[PDB]
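*Asks:* I'd like to ask you about the structure that follows.
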Amino acid sequence: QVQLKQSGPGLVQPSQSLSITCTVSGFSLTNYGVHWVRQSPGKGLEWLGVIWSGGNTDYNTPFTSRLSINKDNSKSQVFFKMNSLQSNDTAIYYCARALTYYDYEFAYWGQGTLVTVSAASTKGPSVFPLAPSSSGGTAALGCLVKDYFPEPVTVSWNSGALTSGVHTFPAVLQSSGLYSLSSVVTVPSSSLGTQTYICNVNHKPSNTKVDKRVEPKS
Amino acid sequence: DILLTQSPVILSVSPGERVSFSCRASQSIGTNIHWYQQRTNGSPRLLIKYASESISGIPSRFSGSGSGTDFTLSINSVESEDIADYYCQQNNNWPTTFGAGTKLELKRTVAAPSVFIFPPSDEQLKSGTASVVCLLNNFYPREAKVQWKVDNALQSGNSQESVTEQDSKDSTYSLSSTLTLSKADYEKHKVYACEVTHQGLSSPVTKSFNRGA
Amino acid sequence: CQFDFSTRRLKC
């Protein structure tokens, strides 16, 4: 199976440098070129550059001066680096592979790395329960994931086992400049005495991992 | 660079219907166009290559046509899972460039929200902030009003909303409204109410609690 | 329309 797995999301200060690692498997970097594409609110999808099988590189014109792509064939790693970051460089960065060695029809994508370009400092969130209260046999419950920077946090339930009826809402920016996010799930009210419910929260930029058990309040 | 123009920006259809996305190029690009799907929280997925060529693992209901400057991606019978954005890419001319995309939305029957309200936790109150949360669950269409009242005082400017994208299976939306106040203010009041207005309700539905039960 | 990180979807 062909896969591309990228390093985690990060905060970078203005004028500072960016570094992402793409690690591939199911093919060899000696046979395929790896492309870089970013996606931003302002500019949408932009192709940035490519490192070919033999090690040559092409950079999209506005990036020639502040972009370098490198790799280690034996380690199956591609190294993306961009200098002189400004605010509009905040985007999701992807690595990608084409169908054939020389082409640009991107059939395989990395999961994407969100890079936030900002002067602020990293902050890990607090996790608070949204406790079920005493809906025709259905109870709702959740977690409030509050006051973190930058994006993203991942949230899951019962270590990935519970997915049905889960809604994890988009994060919103509070006036404080810190993000906040809620995640809910509906379950049978009669399973509240039997099953445990835990939201698993991860804020990689601050290395904060929290498991919050959510229970009906006393 | 080649400018790719995608129209319209939003498409709204009912399941089973046929649907077409347009990609127009600023000059001839032969058949050098690829189409991508981006679902909620996903990476782009390659649907069609070189205008009309199929991709392994892609449902047969996806097809493309066109050449020169006018291109079309078609879904013959739309499914709810097709809810996503669709992008075109040209590669006749370096550098490869992408269109701005077209959003595909699905219609469905009206569905009233289920409404739940959650008091702040004792845990959060320790920090000196109180978050009151109102959940509107699995409803359609997206339009909804959430009005907050504290001891009959209409709240304004102190809440924030967030809405899920359409559910891939039942096409509904869900919404959270969070009312945020100081611990001080929270402790100075009793009745916390969330009033929900929506097309699927004959009357607004209010959920409320008294601080401290 | 604009790409939104939160959902990785276009917001109009």
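Identifiers in the structure tokens: chain A, B, ... in order shown; residue index from 1 per chain; ligand index from 1 in order shown.
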Could you please select, counting only C-alpha atoms, the residues of chain A within 7 Å of chain B and state them as a ChimeraX atom specification?

*Replies:* /A:44-47,60,105-107,109,111,128-131,169-170,172

*Asks:* Compile the contact shell of region 90-98 of chain A as a PyMOL selection string: residues with an atom at most 7 Å away, counting only C-alpha atoms, same-chain residues fewer than 6 positions apart removed.

*Replies:* chain A and resi 22+33-40+104-117

*Asks:* Taking only C-alpha atoms into account, what are the residues of chain C at most 7 Å from chain A, put as an NGL selection string?

*Replies:* :C and (2-4 or 6-7)

*Asks:* For chain C against chain B, with a cut-off of 7 Å and counting only C-alpha atoms, what is the closest atom pair and its distance in Å to one decimal for every residue that makes the cut, ordered by chain and number, as a Markdown table?

*Replies:*
```
| residue | atom | partner | partner_atom | distance |
| --- | --- | --- | --- | --- |
| C:7 | CA | B:41 | CA | 5.1 |
| C:8 | CA | B:41 | CA | 5.0 |
| C:9 | CA | B:40 | CA | 6.1 |
| C:10 | CA | B:103 | CA | 6.6 |
```

*Asks:* Go ahead and save the picked residues with C-alpha atoms, as an mmCIF file, in the first residue's frame.

*Replies:*
```
data_model
loop_
_atom_site.group_PDB
_atom_site.id
_atom_site.type_symbol
_atom_site.label_atom_id
_atom_site.label_comp_id
_atom_site.auth_asym_id
_atom_site.auth_seq_id
_atom_site.Cartn_x
_atom_site.Cartn_y
_atom_site.Cartn_z
ATOM 1 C CA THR C 7 -13.367 21.414 8.160
ATOM 2 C CA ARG C 8 -10.970 21.456 5.209
ATOM 3 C CA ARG C 9 -14.020 22.594 3.273
ATOM 4 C CA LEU C 10 -14.966 25.686 1.318
#
```

*Asks:* Which parts of region 16-211 of chain A does DSSP call strand (DSSP E or B) when run on the backbone here, written out as an NGL selection string?

*Replies:* :A and (18-25 or 34-40 or 44-51 or 57-59 or 67-72 or 77-82 or 91-98 or 106-109 or 113-117 or 123 or 126-130 or 138-149 or 154-157 or 162 or 166-168 or 172-173 or 179-188 or 198-203 or 208-211)

*Asks:* Take the residues just selected and output them with C-alpha atoms as a short mmCIF file (atom, residue, chain, number, x, y, z; two decimals), in the first residue's frame.

*Replies:*
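Result file is again-v7.cif:
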```cif
data_model
loop_
_atom_site.label_atom_id
_atom_site.label_comp_id
_atom_site.auth_asym_id
_atom_site.auth_seq_id
_atom_site.Cartn_x
_atom_site.Cartn_y
_atom_site.Cartn_z
CA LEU A 18 9.57 25.88 8.30
CA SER A 19 10.45 22.15 8.20
CA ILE A 20 8.27 19.18 7.37
CA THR A 21 9.23 15.56 6.90
CA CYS A 22 7.33 13.29 4.51
CA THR A 23 7.88 9.59 5.14
CA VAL A 24 6.71 7.23 2.41
CA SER A 25 6.09 3.52 2.11
CA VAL A 34 7.56 13.67 -4.42
CA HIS A 35 5.55 16.86 -4.85
CA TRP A 36 4.59 19.57 -2.36
CA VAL A 37 1.26 21.39 -2.44
CA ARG A 38 -0.17 23.80 0.09
CA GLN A 39 -3.77 24.88 0.72
CA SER A 40 -4.65 28.28 2.17
CA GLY A 44 -6.54 27.65 -2.22
CA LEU A 45 -4.39 24.89 -3.72
CA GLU A 46 -0.90 25.88 -4.84
CA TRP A 47 1.75 23.56 -6.18
CA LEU A 48 5.07 24.47 -4.55
CA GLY A 49 7.69 22.14 -5.98
CA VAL A 50 9.00 18.65 -6.53
CA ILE A 51 12.03 16.47 -5.93
CA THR A 57 14.31 19.93 -7.97
CA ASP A 58 11.82 22.36 -9.47
CA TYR A 59 10.32 25.16 -7.40
CA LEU A 67 12.37 26.96 -0.73
CA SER A 68 14.54 23.87 -0.57
CA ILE A 69 13.51 20.23 -0.93
CA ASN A 70 15.84 17.37 0.08
CA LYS A 71 15.65 13.66 0.70
CA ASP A 72 17.23 10.51 2.03
CA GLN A 77 12.17 10.59 3.78
CA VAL A 78 11.57 13.81 1.88
CA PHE A 79 12.54 17.05 3.61
CA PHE A 80 10.61 20.25 2.94
CA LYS A 81 12.00 23.56 4.14
CA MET A 82 10.78 27.11 3.54
CA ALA A 91 -1.63 26.85 5.25
CA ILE A 92 -2.04 23.10 5.16
CA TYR A 93 1.09 21.61 3.59
CA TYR A 94 0.86 18.31 1.78
CA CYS A 95 3.34 15.98 0.17
CA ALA A 96 2.02 14.02 -2.81
CA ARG A 97 2.98 11.36 -5.35
CA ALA A 98 1.82 11.06 -8.98
CA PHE A 106 -1.64 13.32 -7.67
CA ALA A 107 -3.14 9.96 -6.70
CA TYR A 108 -1.47 9.74 -3.30
CA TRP A 109 -1.49 12.43 -0.61
CA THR A 113 0.54 19.42 8.02
CA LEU A 114 -1.01 22.64 9.30
CA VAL A 115 1.53 25.36 9.82
CA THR A 116 0.49 28.46 11.70
CA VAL A 117 2.72 31.50 11.20
CA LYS A 123 -0.83 26.91 24.74
CA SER A 126 -8.16 22.49 29.29
CA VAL A 127 -10.72 19.73 28.84
CA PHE A 128 -14.09 20.03 30.55
CA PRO A 129 -16.95 17.51 30.58
CA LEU A 130 -20.32 18.24 29.02
CA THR A 138 -31.16 9.17 24.06
CA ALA A 139 -28.62 11.12 26.12
CA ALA A 140 -26.09 13.63 24.79
CA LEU A 141 -22.69 14.21 26.32
CA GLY A 142 -19.38 15.74 25.40
CA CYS A 143 -16.13 17.54 26.05
CA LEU A 144 -15.33 21.22 25.94
CA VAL A 145 -11.78 21.65 24.69
CA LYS A 146 -10.92 25.19 25.62
CA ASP A 147 -8.23 27.87 25.32
CA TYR A 148 -5.55 26.40 23.10
CA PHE A 149 -3.20 27.73 20.44
CA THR A 154 -7.74 15.94 17.52
CA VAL A 155 -10.58 14.45 19.49
CA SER A 156 -11.84 10.91 19.57
CA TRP A 157 -14.02 8.83 21.83
CA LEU A 162 -16.97 5.01 19.52
CA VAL A 166 -20.14 11.75 17.29
CA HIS A 167 -19.99 15.35 16.16
CA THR A 168 -16.81 17.28 16.64
CA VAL A 172 -13.76 28.93 16.91
CA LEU A 173 -11.36 31.75 17.75
CA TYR A 179 -9.22 28.51 20.11
CA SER A 180 -12.05 26.55 21.67
CA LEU A 181 -13.87 23.45 20.47
CA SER A 182 -16.62 21.06 21.55
CA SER A 183 -17.20 17.41 20.71
CA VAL A 184 -20.48 15.65 21.42
CA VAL A 185 -21.97 12.21 21.08
CA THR A 186 -25.45 10.80 21.63
CA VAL A 187 -25.80 7.35 23.17
CA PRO A 188 -28.54 5.26 24.73
CA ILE A 198 -13.90 9.15 27.45
CA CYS A 199 -12.95 11.81 24.98
CA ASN A 200 -9.32 11.47 23.96
CA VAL A 201 -7.92 14.91 23.29
CA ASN A 202 -4.57 15.61 21.65
CA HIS A 203 -2.92 18.98 21.12
CA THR A 208 -0.82 17.93 25.62
CA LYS A 209 -2.72 14.62 25.72
CA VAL A 210 -5.77 14.37 27.95
CA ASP A 211 -8.36 11.66 28.45
#
```

*Asks:* How many Å separate CA of residue 27 (chain B) from CA of residue 61 (chain B)?

*Replies:*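 Spanning CA of residue 27 (chain B) to CA of residue 61 (chain B) is a straight-line distance of 28.6 Å.
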
*Asks:* Measure the distance from CA of residue 195 (chain B) to CA of residue 180 (chain B) in Å and round it to one decimal.

*Replies:* 16.1 Å

*Asks:* For CA of residue 82 (chain B) and CA of residue 109 (chain B), quote the distance in Å rounded to one decimal.

*Replies:*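 CA of residue 109 (chain B) lies at a distance of 17.5 Å from CA of residue 82 (chain B).
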
*Asks:* Taking into account only C-alpha atoms, which residue in the set B:140, B:153, B:37, B:127 is nearest to residue 58 (chain B)?

*Replies:*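 Looking at the shortest contact to residue 58 (chain B), the residue is B:37.
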
*Asks:* If you run DSSP on the backbone, which residues of region 16-200 of chain B are helix (DSSP H, G or I), as a list in words?

*Replies:*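 Across region 16-200 of chain B, those assigned helix (DSSP H, G or I) are residues 80, 81, 82, 122, 123, 124, 125, 183, 184, 185, 186 and 187 of chain B.
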